[PDB]
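Let's start with one chain on its own, the form deposited in one PDB entry, as structure tokens.
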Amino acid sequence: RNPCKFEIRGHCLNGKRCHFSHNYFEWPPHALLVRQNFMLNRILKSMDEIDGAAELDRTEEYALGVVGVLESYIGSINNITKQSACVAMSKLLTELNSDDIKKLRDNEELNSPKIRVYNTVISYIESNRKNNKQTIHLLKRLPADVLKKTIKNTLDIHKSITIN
């Protein structure tokens, strides 16, 4: 029996009617790998009303993604408000982890000015983790030009961690 495609994404809800395999011992390895990923996504999601948030769920902000949203706010296109960009920034911070930044920080010569930005981003990541609503509120208070700098730095760090 082939693996049940519902079970591959989580739990088959079709009871005894379902004729596919729900028995992990007989599944090929690829299906067991795919299911772990869907399940990890669900577990992570299950352990995660503010201005600008609902806008990120609309058709064009979905297509932009959090990065497109933030890059758009920087270039003042696609109608991204500041509120939305701050919410998006919180989402970006949630996706980063400190340890990867510390690793970058450690490759810097001392008194490199990058070190200051790395530490700023690290503190944003930690604030965001403690209280993202608070962190978002702080971000909205920043002058536009410094917000955009901060975003841009965070975006550059996000790209560089991922190509190393």
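Throughout, we count residues from 1 along the sequence that is shown.
Not on display, but discussed next: the form deposited with a partner chain bound.
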**OP:** Consider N153 of the chain shown here, and say whether it contacts its partner chain in the deposited bound form, taking contact as heavy atoms within 4.5 Å.
**Re:** yes
**OP:** Considering only heavy atoms, tell me if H19 and its partner chain come within 4.5 Å of each other in the deposited bound form.
**Re:** no
Original post:
Does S123 reach its partner chain in the deposited bound form if we count a contact as any heavy atom within 4.5 Å?
Top reply: yes
Subject >> Partner proximity in the deposited bound form: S112 to its partner chain, non-hydrogen atom cutoff 4.5 Å >> reply: no
